[PDB]
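Undergrad: Sharing an experimental structure here, sequence included.
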Amino acid sequence: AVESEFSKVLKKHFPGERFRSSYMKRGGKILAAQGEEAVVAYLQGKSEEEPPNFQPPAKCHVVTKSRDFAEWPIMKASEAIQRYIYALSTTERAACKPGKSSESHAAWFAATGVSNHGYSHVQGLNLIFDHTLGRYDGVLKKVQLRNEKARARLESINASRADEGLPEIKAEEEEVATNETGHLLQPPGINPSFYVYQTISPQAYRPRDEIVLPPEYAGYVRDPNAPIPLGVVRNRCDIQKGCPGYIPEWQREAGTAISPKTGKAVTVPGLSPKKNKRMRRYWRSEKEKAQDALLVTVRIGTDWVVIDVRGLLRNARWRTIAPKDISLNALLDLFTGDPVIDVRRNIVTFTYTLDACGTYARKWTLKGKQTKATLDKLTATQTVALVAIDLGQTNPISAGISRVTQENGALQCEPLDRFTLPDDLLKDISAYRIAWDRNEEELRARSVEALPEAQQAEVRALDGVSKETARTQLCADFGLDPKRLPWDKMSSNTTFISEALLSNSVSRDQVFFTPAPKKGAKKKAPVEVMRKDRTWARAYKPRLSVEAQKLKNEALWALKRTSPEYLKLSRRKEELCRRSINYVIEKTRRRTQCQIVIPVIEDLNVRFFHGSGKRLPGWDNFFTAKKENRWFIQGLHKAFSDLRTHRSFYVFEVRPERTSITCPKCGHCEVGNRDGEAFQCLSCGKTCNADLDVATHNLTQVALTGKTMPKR
RNA sequence: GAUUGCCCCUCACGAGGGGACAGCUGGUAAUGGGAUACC
DNA sequence: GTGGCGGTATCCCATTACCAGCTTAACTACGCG
DNA sequence: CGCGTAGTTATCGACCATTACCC
Ligand SMILES: [Mg+2]
Ligand SMILES: [Mg+2]
Ligand SMILES: [Zn+2]
């Protein structure tokens, strides 16, 4: 880090009037050009307390290219530069200055021997050069901050510990980012991003002969300064029989009816009575669809690319920052002129300008004593809603809305409403877990179809009688009568088989064993636990031939790697976690009738909130796969922390030490009050839903005050 | 009442209803599932 | 800063978490029509 | 002379807090 001259003049005149980037860039030029005295007159008027420093992304689709990416001089030049910089040492990088001018660019390209495959744009190269130099220095800073963070952690532990006891670790070994020879161990990989820049920025398609479009875009005309018409008609009940987009009679009116072929009672909600509904357009053929696109081009040389900007139009008509009449050029001016083309997916990611859209993004969620002090400011003027969130698996989210107001030197926190998210979102959570299991079973059932006809028959036969074979084999080997022993009440930790075994009392050798102590933090004398029925069931299932198993599982791996479903589900769970924090926020906002909602979530370390899958106890279900039951705690924890930056929300991370335990009424925190989802204090006998009422009541009370919950 | 795409559901396959919209890379690390092996 | 899955060692696959990198543009200049 | 292509040259700043919490 090196001080700048510009920083001095601002710090000397504007201590606390930080400005956003666009004014900073323009302001720097004026100072350097028109002297130091002329920058104040530009920077005195316009400034903001919290300047928007975040731009949402918008994604569109590539239509056609001149040739495949990575066949372009910029893409080859970027790769050649990148893999040269990542294999430099620390000392060599210090004497590697690729300066920002055209003259120095060539001096660099010659002094090192790296080639540029016919591409030299000073700005475009400068973008690549800084980003590559940035990544190389980033992996070196990253260790240093982590090294600093451990040192800071050690620093606290010694001073605090050294007064209560003697033991204190003196120090620890420095973690380096370098090899013995100076090189970079685990150096960054190249990035395949076509970073578009100003001299190349997208602009509305006009027909040039080098650019040739697929046969569907036969005549593409679009006056870039005309207002783009609206696709759908205003009343979709005029569309006739033939034309596309025809809503049939039975589907307009709400009600229930039976289809003519089979007959099922299906509720039809009818046309949506909504005013911000996205409109879906339908063309007769794929040629009409193309002529109603928004094509803009990006030319860098003898190789171009055409992209379809309907994606940006939807993303702008959803945020309602685009008038109903708008031109193609106006749409492009709503976004920055530097897209990021994704070459391996043919997707271009625009972002909004700070003027068109853009919000402040708080870097961190406030914790500790910042919670009280933040409410001290925000309640000085208006009242702020306070939703307290407590995650679980019986009830995914439990929320309590309060209404903090301020009287002199206190924050009256009115409790308003405790609720949980509705059954529809619970139904989708259940349906998401069923879809995952269905996906897994289909992949398994299609890996069987990848076997040759001989091994296929073996697998089909064995799986059908797998449970029957194990049952009969176990009984015959140890003589146990199947009927005397209950089967359906078999779990992962029951010991029914052994007790029937021990009732015969053949020997004690075969059952008891000496569990090897698990490598871990905790070591004791090793327990002698008797082996369970799940272990017996596993060890007696009929194993499949090694060769067929190698072939069968290799087929599954191939199907699994190239399966579109896991992306489908991973987005599905994320959007279902986000949908469940929007209900929460919108419900509290329509109830508290306040603009500003600051949700309060527990400071749970998501690494240990993952959960597990589930098998129903039983003998039949030892040989089936585990139904997936992973927790949404990580999803919903991240979704609230994302409200912090995506929508500039305040977020409160507060330690949930005794929140689920400490009785609301009294300060007595014994661990035995909680029993699951039935709380009961053991001094002032009281019954509340541990999740809904005591956990949220206590979370809010540790929010209004920085102090952590009292202990004894 | 917003032209593509993406996610979920219904469908008389004409379509209808609802949902997400901060995303890319890269290096590491966990987590869950599946298979074998062994005390 | 993991719990009631009996422990460990190989792999295989998926998705996350965590922390690095990113996600302009006005003004000016010069070779062609 | 005007317009498509393109080089120069401008800014990058911070946080709390430690024996439970969900199965
Ligand atoms: Mg809790
Ligand atoms: Mg709870
Ligand atoms: Zn009590």
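TA: In hand now; what should we look at? Numbers count the residues shown, from 1 in each chain, chains lettered A, B, ... in the order given. Ligands and ions are numbered 1, 2, ... in the order given.
Undergrad: Kindly list the longest helix within chain A.
TA: With secondary structure taken from DSSP state H, chain A has its longest helix at helix A:122-164.
Undergrad: Pull up the pairing partners for the next helix or strand along the chain from it, direction included.
TA: Sequence-wise, the next helix or strand downstream of helix A:122-164 (DSSP states H and E) is strand A:193-195. The strands that strand A:193-195 pairs with in its sheet are strand A:340-342 (antiparallel) (by DSSP bridges).
Undergrad: So residue A:413 is in contact with residue A:705, correct?
TA: No - assessed by C-beta atoms under 8 Å, residue A:413 is found out of contact with residue A:705, at 10.1 Å. Backbone N, C-alpha and C define where each C-beta goes, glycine included.
Undergrad: of those two, who's got more company?
TA: residue A:413 (19 against 14; other C-beta atoms under 10 Å).
Undergrad: helices and strands around the longest helix of chain A, which ones?
TA: On a contact count with 3 or more C-beta pairs under 8 Å, 6 or more residues apart in numbering; DSSP states H and E, helix A:122-164 meets helix A:73-85, helix A:90-94, helix A:102-111, strand A:193-195.
Undergrad: which outside residues touch the last one?
TA: With C-beta atoms under 8 Å, 6 or more residues apart in numbering as the contact definition, strand A:193-195 has outside contacts at A:69, A:72, A:74-75, A:124, A:127-128, A:131, A:338, A:340-343.
Undergrad: returning to that earlier point: how far does the longest helix of chain A sit from the chain's center?
TA: Distance, stretch centre to chain centre, for helix A:122-164: 24 Å (C-alpha atoms, centre = their mean, to the nearest Å).
Undergrad: Helix A:102-111 and that helix, what's the angle between them?
TA: Interaxial angle, helix A:122-164 versus helix A:102-111 (axes from the mean of the first three to the mean of the last three C-alpha atoms, to 10 degrees): 80 degrees.
Undergrad: May I have the phi/psi pair for whichever residue of the stretch 601-712 of chain A sits closest to ligand 2?
TA: The stretch 601-712 of chain A approaches ligand 2 most closely through residue A:691 (3.8 Å), counting by C-beta to the ion. Backbone geometry at residue A:691, expressed as degrees, to the nearest 10, gives phi -70, psi -60.
Undergrad: Now do it against residue A:522, distance only.
TA: In this view, residue A:691 and residue A:522 are 30 Å apart by C-beta to C-beta, to the nearest Å.
Undergrad: Which one of those two is surrounded by more residues?
TA: Comparing residue A:691 with residue A:522 by neighbour count (other C-beta under 10 Å), the higher total belongs to residue A:691, at 22 against 6.
Undergrad: Show me where the stretch 251-400 of chain A has its helices.
TA: A:286-291, A:310-318, A:328-333, A:370-381 (DSSP state H, counting those that start in this stretch).
Undergrad: For ligand 2, which of those helices is the nearest?
TA: Closest to ligand 2 of the helices of the stretch 251-400 of chain A is helix A:370-381 (C-beta to the ion; 19.9 Å).
Undergrad: which outside residues touch the closest one?
TA: A:366, A:384, A:404-406, A:411, A:596, A:598, A:600, A:650, A:652, A:654, A:703-706.
Undergrad: Give me the three-state assignment for the residue nearest to the spatial centre of chain A.
TA: Centroid-nearest residue in chain A, with C-alpha atoms, centre = their mean: residue A:574, separated by 6.6 Å. Assigned with DSSP: H, G, I helix; E, B strand; the rest coil, residue A:574 falls in the helix class.
Undergrad: Kindly report the same for the one 10 residues further on.
TA: The three-state assignment at residue A:584 reads helix, by three-state DSSP.
Undergrad: Would you confirm that it contacts residue A:398?
TA: No - judged on C-beta under 8 Å, residue A:584 makes no contact with residue A:398 at a distance of 10.3 Å.
Undergrad: show me what contacts residue A:664?
TA: Per C-beta under 8 Å, 6+ apart, neighbours of residue A:664: A:688, A:693, A:694, A:697, A:698, A:701.
Undergrad: can you check residue A:55 too?
TA: Counting by C-beta under 8 Å, 6+ apart, residue A:55 makes contact with A:336, A:351, A:352, A:353, A:354, A:357, A:358.
Undergrad: Kindly report the same for residue A:190.
TA: The neighbours of residue A:190, taking C-beta under 8 Å, 6+ apart as the test, are A:78, A:79, A:82, A:83, A:86.
Undergrad: Looking at those residues, which is nearest ligand 1?
TA: Using C-beta to the ion, residue A:86 is the member of these that lies nearest ligand 1, at 44.7 Å.
Undergrad: how close does the nearest residue to that closest one once chain neighbours are set aside sit to residue A:93?
TA: With C-beta to C-beta, 6 or more residues apart in numbering as the criterion, residue A:86 has its nearest non-adjacent residue at 4.5 Å, and that residue is residue A:187. To residue A:93, residue A:187 is 11 Å away according to C-beta to C-beta.
Undergrad: Just give the number of residues close to residue A:343.
TA: Residue A:343 has 18 neighbouring residues, counting by other C-beta under 10 Å.
Undergrad: Identify the residues contacting it.
TA: A:69, A:70, A:75, A:192, A:193, A:194.
Undergrad: Show the backbone phi and psi for it.
TA: Backbone torsions of residue A:343, given as degrees, to the nearest 10, read phi -80, psi -30.
Undergrad: ok so, going back, list buried residues within the contacts of residue A:55.
TA: A:336, A:351, A:352, A:354, A:357, A:358 (16 or more other C-beta atoms under 10 Å).
Undergrad: re the thing from before, hmm, which of the contacts of helix A:370-381 are the buried ones?
TA: Burial by neighbour count, judged by 16+ other C-beta under 10 Å, picks out A:366, A:384, A:404, A:406, A:411, A:598, A:600, A:650, A:652, A:654, A:703, A:704 from the contacts of helix A:370-381.
Undergrad: export these to CSV and tack on distance to ligand 1?
TA: Converted to CSV, those look like this (distance: C-beta to the ion, whole Å):
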residue, distance to ligand 1
A:366, 19
A:384, 22
A:404, 21
A:406, 27
A:411, 23
A:598, 19
A:600, 12
A:650, 20
A:652, 14
A:654, 11
A:703, 13
A:704, 17
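Undergrad: quick revisit: give me the buried entries from the contacts of strand A:193-195.
TA: Using 16+ other C-beta under 10 Å as the burial test, the contacts of strand A:193-195 include A:69, A:72, A:74, A:75, A:124, A:127, A:128, A:131, A:340, A:341, A:342, A:343 as buried.
Undergrad: from the residues you listed, which single one is nearest DNA strand D?
TA: Checking the buried ones among the contacts of strand A:193-195 against DNA strand D by C-beta to the nearest atom of the strand gives residue A:124 as the nearest, at 6.9 Å.
Undergrad: Please tell me how far that closest one sits from DNA strand C.
TA: Between residue A:124 and DNA strand C the computed distance is 9 Å (C-beta to the nearest atom of the strand, to the nearest Å).
Undergrad: Would you check that that residue makes contact with residue A:73?
TA: No - with contact defined as C-beta under 8 Å, residue A:124 does not reach residue A:73; the gap is 10.4 Å.
Undergrad: interface residues of chain A facing ligand 2?
TA: Within reach of ligand 2 by C-beta under 5 Å from the ion, chain A has these residues: A:390, A:392, A:691, A:695.
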